[PDB]
Amino acid sequence: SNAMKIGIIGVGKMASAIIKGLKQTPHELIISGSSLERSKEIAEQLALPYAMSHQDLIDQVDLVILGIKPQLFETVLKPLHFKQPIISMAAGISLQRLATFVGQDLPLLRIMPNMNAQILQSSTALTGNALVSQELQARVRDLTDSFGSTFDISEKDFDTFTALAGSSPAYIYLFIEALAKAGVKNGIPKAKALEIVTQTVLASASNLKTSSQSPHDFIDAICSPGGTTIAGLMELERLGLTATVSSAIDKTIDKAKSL
Amino acid sequence: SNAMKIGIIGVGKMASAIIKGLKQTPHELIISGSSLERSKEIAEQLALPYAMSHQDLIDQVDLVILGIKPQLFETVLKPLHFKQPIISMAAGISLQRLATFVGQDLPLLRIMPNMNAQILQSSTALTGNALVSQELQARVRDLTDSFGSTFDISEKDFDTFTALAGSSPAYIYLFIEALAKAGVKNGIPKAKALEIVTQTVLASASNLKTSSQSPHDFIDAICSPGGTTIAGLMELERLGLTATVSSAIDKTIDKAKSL
Amino acid sequence: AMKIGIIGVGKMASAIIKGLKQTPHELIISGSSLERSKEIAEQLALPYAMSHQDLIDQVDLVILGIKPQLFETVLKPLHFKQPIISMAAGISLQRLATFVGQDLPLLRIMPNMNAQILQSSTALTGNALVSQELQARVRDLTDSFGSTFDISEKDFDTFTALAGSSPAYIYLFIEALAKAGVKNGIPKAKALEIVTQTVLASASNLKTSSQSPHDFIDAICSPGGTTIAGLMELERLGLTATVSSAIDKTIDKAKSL
Amino acid sequence: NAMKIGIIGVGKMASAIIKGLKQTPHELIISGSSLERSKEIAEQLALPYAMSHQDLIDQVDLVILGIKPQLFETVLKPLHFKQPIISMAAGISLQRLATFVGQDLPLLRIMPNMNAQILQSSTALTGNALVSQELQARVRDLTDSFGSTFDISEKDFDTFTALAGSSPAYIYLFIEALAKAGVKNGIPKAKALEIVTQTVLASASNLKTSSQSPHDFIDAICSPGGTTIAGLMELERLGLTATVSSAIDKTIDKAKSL
Ligand SMILES: NC(=O)c1ccc[n+]([C@@H]2O[C@H](COP(=O)([O-])OP(=O)(O)OC[C@H]3O[C@@H](n4cnc5c(N)ncnc54)[C@H](OP(=O)(O)O)[C@@H]3O)[C@@H](O)[C@H]2O)c1
Ligand SMILES: NC(=O)c1ccc[n+]([C@@H]2O[C@H](COP(=O)([O-])OP(=O)(O)OC[C@H]3O[C@@H](n4cnc5c(N)ncnc54)[C@H](OP(=O)(O)O)[C@@H]3O)[C@@H](O)[C@H]2O)c1
Ligand SMILES: NC(=O)c1ccc[n+]([C@@H]2O[C@H](COP(=O)([O-])OP(=O)(O)OC[C@H]3O[C@@H](n4cnc5c(N)ncnc54)[C@H](OP(=O)(O)O)[C@@H]3O)[C@@H](O)[C@H]2O)c1
Ligand SMILES: NC(=O)c1ccc[n+]([C@@H]2O[C@H](COP(=O)([O-])OP(=O)(O)OC[C@H]3O[C@@H](n4cnc5c(N)ncnc54)[C@H](OP(=O)(O)O)[C@@H]3O)[C@@H](O)[C@H]2O)c1
Ligand code: NA
Ligand code: NA
Ligand code: NA
Ligand code: NA
């Protein structure tokens with residue numbers, strides 16, 4: 001059948017998020033944690049089969065997905081013997097470096113998902129090494145489409161995409177929290193302030209998405225002469241909002257590079 | 001019939017946006033611009049009846065909507081004789097001040113919409129003076145629901161809501177532009193960078209909306225220990241993203257207060 | 001064809017006379033002292049008056065070229081009897097009526113130094129005594145040394161910053177580009193030639209195009225390129241905030257004058 | 001005395017010089033990042049396309065490169081060049097270009113800007129040791145067709161890139177800042193922008209035709225106890241000059257690292 005068996009090594013927050021989307025596929029799933037005790041425990045919570053070891057996982061599966069953090073790739077992967085294509089979700093680790101940990105004869109793929117996988121709206125980058133066929137990439141693209149959208153991104157752009165899509169949800173939340181806290185400062189209860197700004201963020205992003213106008217086109221439209229919005233906007237300029245965000249993205253990329 | 005005749009005095013960007021939603025109602029619409037030449041010209045563009053003067057507008061209508069900027073309220077309104085309930089969309093002008101321009105015997109309402117009215121997803125505050133009945137408020141709430149959602153907000157909170165919902169779209173766009181420009185700095189074409197971040201902003205806001213978790217709960221989930229996201233987040237802290245946004249909201253509110 | 005008189009002729013007033021010489025009107029000037037009047041009249045190839053009042057009695061229209069802080073001192077002891085045009089920053093039509101009279105049509109202009117090449121961007125406005133006749137005759141005057149903007153008086157201080165003061169900010173900006181050129185190995189004259197020509201062309205491109213400045217910025221910023229690196233440095237150090245705060249200060253000063 | 005000129009990579013900048021190239025006697029042909037893209041671009045620009053880069057190279061007297069600097073190595077090494085080549089790329093020296101395309105070719109660099117769209121680019125031009133008097137003169141006619149041309153030595157190219165290639169973006173951010181200051185203070189954006197754009201245009205024209213320096217002009221415009229001097233000292237306070245200089249330095253750093 002089109003159905004394959006997929007094993008996941010390391011199941012934390014990001015891997016847990018993509019499981020939900022993977023349950024909506026025909027495929028069979030099996031997991032493997034940091035200890036056997038931990039594996040049973042999360043297999044409990046997710047209602048899925050667990051493996052007795054990572055090698056035990058590897059020996060029965062058609063495709064492996066790696067959910068461990070990048071700092072543990074060498075330690076965890078080198079002692080193992082892989083036998084199928086592997087997908088890494090890890091920031092900062094190239095396909096070339098993965099091949100040294102895992103083997104030069106394996107088709108290897110990289111994805112860069114985000115926590116919006118939780119609602120099947122991840123914005124996920126996908127790329128493969130020279131051993132990945134058209135058909136295999138398409139099969140994996142089916143997997144990524146199950147928990148959001150999929151972007152065909154060159155590997156040389158993966159670190160930048162990690163910042164724009166992978167990490168940015170946190171920056172978006174801090175920004176949202178900032179508007180809401182400012183509502184609190186100024187008289188509006190937190191829950192109410194959050195509801196208003198979250199709905200406004202949603203609507204503003206849809207409006208941009210479906211319009212041919214740029215972000216600056218909208219800003220010109222919204223800033224009435226001598227109005228309240230231009231006052232707030234020049235305060236954003238004075239305090240360096242744009243420089244702040246961009247510097248943050250630079251730091252994110254720098255970290256991805258050093259990993 | 002339930003249908004009324006509604007006249008709009010001053011039709012710029014914000015008033016143009018709410019027309020689309022008002023066309024989806026049973027009601028009859030008529031507009032009135034800055035000059036008769038301008039009125040014909042925009043009635044042309046919107047495919048609607050225009051009035052020969054503001055008084056000409058006032059004499060045939062069941063409800064007036066004011067789309068002029070706050071700085072022109074005194075100049076434009078005092079010479080006129082109003083005969084029906086009026087809705088003001090203007091930032092910074094209380095119902096009490098409007099009554100001095102327009103009359104102490106009129107039911108008066110305030111709304112605070114945003115440019116997302118363009119896609120019928122405005123987040124709109126609504127309030128009325130002591131002359132507004134339950135039935136009239138409900139009829140006007142029907143109007144506001146035609147171009148988005150409606151919030152029952154005390155007038156004392158209108159200036160803060162103006163900042164959180166009315167002006168914030170511009171701040172959201174500048175923030176989005178900042179992420180996208182940072183993608184450009186780092187190798188990703190503008191259009192592509194915008195597509196990725198706009199979709200991520202959309203998805204992140206839906207995820208927050210439908211979840212019981214706070215923005216900081218999500219941030220903890222997204223920040224892997226020693227990872228790329230915590231690096232970028234501490235850079236946002238170092239450069240004062242939260243203080244920046246909040247100071248901007250303060251400036252927005254200050255301007256609303258001085259108007 | 002009227003006889004037009006100018007009281008006070010410094011930098012701005014001198015720049016404006018080149019354009020006025022190309023109108024059919026007759027001109028006469030009056031300075032800070034008889035000697036100064038003659039010195040100035042010689043170099044402009046124009047007649048001069050023996051005193052401000054002597055100027056006033058023979059002239060259809062007065063143009064004021066003195067600094068705002070001299071308006072009271074210089075105008076109060078005179079007796080005007082024509083429409084007056086003020087080019088002064090900070091001085092309202094209302095305040096001027098206080099110095100010269102409540103029965104006079106009074107206009108304000110706000111030109112800039114580009115009058116020298118007849119390309120000033122000049123705001124024009126008048127009080128309640130100004131017919132659509134008079135505003136027309138005066139608009140012909142201002143079109144002689146550039147373009148004319150019908151600007152309401154409430155917007156004059158801002159126009160003053162945007163068109164009147166801004167040439168100096170533009171020049172500091174150009175100078176900064178050229179100094180940056182010098183710092184990095186290109187001679188001052190050559191860098192200034194390059195930059196001036198680039199500013200000139202850029203603004204011509206913007207003017208004839210339907211695209212916004214930010215649209216052009218998007219076209220110019222190649223992904224991973226040099227321009228986006230420089231642009232984000234400008235954002236880091238606050239170019240936009242800095243210009244805006246300078247404009248606010250210009251407007252604050254206009255207000256307090 | 002007419003060449004055929006071929007163009008490899010056609011983005012914003014390359015599309016901008018076409019208009020001037022069309023006013024020349026020379027024949028033109030293009031080649032993009034795929035055959036599908038070549039035809040879309042040919043459609044938009046009303047110009048012949050080649051079936052591939054080598055196909056372009058094989059039938060052409062001169063090659064102009066409009067690809068990004070980051071792509072030179074990947075795109076140029078596999079090909080076999082057979083004629084003089086003009087690069088418009090930031091940051092890549094003639095010496096480095098020769099390692100990608102061969103040591104036996106006359107090679108030239110230009111540095112234009114987006115004002116080529118209206119035939120008013122400020123374009124630097126330089127050639128390697130293999131470029132003749134006559135060839136550079138022929139290239140000078142090419143760049144003269146979309147603006148002015150500056151004979152500048154290559155050691156000065158990264159600085160020229162910043163002053164003339166990148167600077168229009170800095171000029172527009174400045175104009176935009178002036179226009180937004182207008183909006184903040186009650187004047188509509190379109191109106192504000194019309195006023196400042198016209199002022200920048202006239203100011204730069206006055207400077208060009210005067211013998212006075214920018215600082216001379218500043219002295220003229222700053223009436224004692226006036227509004228301009230107050231704004232000027234605010235620019236000084238907040239560091240306008242050092243800000244522009246620092247951006248130029250960063251533009252040049254980037255060109256160096258490319
Ligand atoms: N979080 C995000 O929003 C995000 C977004 C995009 C990409 N990513 C990528 O996703 C990957 C995981 O990130 P995360 O945030 O999910 O990290 P996390 O929450 O810390 O999850 C890592 C998991 O791996 C487990 N683990 C530790 N040692 C192991 C080993 N010996 N063998 C098997 N499993 C082991 C840990 O188990 P215990 O709990 O028992 O210690 C933990 O649950 C990273 O590579 C990151 O680059 C994350
Ligand atoms: N823009 C927003 O995102 C936003 C958001 C929330 C609330 N608001 C509120 O909405 C109101 C309008 O803002 P806006 O951004 O739409 O401003 P705008 O774009 O400048 O529109 C104002 C319009 O009123 C017209 N007008 C001027 N004088 C008039 C008079 N004599 N009689 C009738 N009409 C006249 C102008 O006509 P001409 O074009 O011919 O000059 C202009 O089209 C403001 O009160 C503001 O507080 C705006
Ligand atoms: N400069 C600009 O770029 C600019 C731009 C737009 C608007 N403006 C406005 O234009 C006006 C002129 O400014 P400016 O920069 O041209 O100043 P300026 O060069 O210093 O001119 C002032 C002139 O007034 C003369 N004056 C002094 N006392 C006088 C008196 N008692 N009677 C008659 N004339 C007297 C001075 O004569 P002496 O030379 O003998 O001292 C001097 O020539 C100001 O009101 C300013 O706000 C200036
Ligand atoms: N932008 C400026 O104002 C400016 C000013 C002076 C000099 N420059 C220089 O001009 C060059 C291009 O800049 P730009 O702003 O025009 O960048 P751009 O718009 O991104 O153009 C680069 C073009 O190269 C194409 N391309 C990608 N891969 C290719 C390949 N495999 N073979 C052939 N063509 C390929 C791209 O096609 P697709 O669209 O199909 O991907 C794109 O259209 C740069 O080297 C830069 O240093 C730029
Ligand atoms: Na790395
Ligand atoms: Na107020
Ligand atoms: Na004043
Ligand atoms: Na370089």
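Here is how names work: the chains are called A, B, and so on, in the same order as the sequence lines, proteins then strands, and each is numbered from 1. Whatever order the structure lists them in is the order used to number ligands and atoms, beginning at 1. Keep in mind that the numbers below use all heavy atoms, side chains included, and drop hydrogens, waters and symmetry copies.
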query: For atom 42 (C) of ligand 4, which of D:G11, C:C221, D:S38, D:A164 has the closest heavy atom?
result: D:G11
field: ligand 4 contact on D:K12 by region, counting heavy-atom pairs under 4.0 Å
entry: both
- prompt: Does some side-chain heavy atom of C:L75 sit less than 4.5 Å from a side-chain heavy atom of C:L64?
  reply: yes
- request: Would you check if there is a donor-acceptor pair between the side chains of D:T143 and D:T123 at a distance under 3.5 Å?
  value: no
field: B:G92 backbone or side-chain N/O/S under 3.0 Å from the Na ion (ligand 6)
entry: yes
- prompt: Quick one: does D:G165 get an N or O within less than 3.5 Å of an N or O on ligand 4?
  reply: no
- request: Could you tell me the separation between the CD1 atom of B:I188 and the CG atom of A:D157, rounded to the nearest 0.5 Å?
  value: 4.5 Å
task: Working to the nearest 0.5 Å, report the span between CG of C:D157 and CG of D:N185.
output: 9.5 Å
task: Find all atoms of ligand 4 within a distance of less than 4.0 Å from any non-hydrogen atom belonging to D:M114, and give their numbers and elements.
output: 1 (N), 2 (C), 3 (O)
field: Side-chain touch D:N115/D:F146, heavy atoms, less than 4.5 angstrom
entry: no
- prompt: Any N/O/S atom, backbone or side chain, of C:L257 lying under 3.0 Å from the Na ion (ligand 7)?
  reply: yes
query: Which ligand 4 atoms are under 4.0 Å away from a heavy-atom of D:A90?
result: 47 (O)
task: Nearest 10° is fine: what angle sits at the Na ion (ligand 6) between O from B:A256 and O from B:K257?
output: 80°
query: Crowded around B:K69 NZ? As in, over 12 foreign heavy atoms under 6.0 Å?
result: yes
- prompt: Among D:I7, D:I17, D:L71, D:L65, which one has a heavy atom closest to atom 28 (N) of ligand 4?
  reply: D:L71
message: Between ligand 4 and C:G225, can you find any atom pair, the residue atom being a heavy atom, that is separated by under 4.0 Å?
response: no
statement: For C:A219, the atoms of ligand 4 under 4.0 Å from one of its heavy atoms are 1 (N)
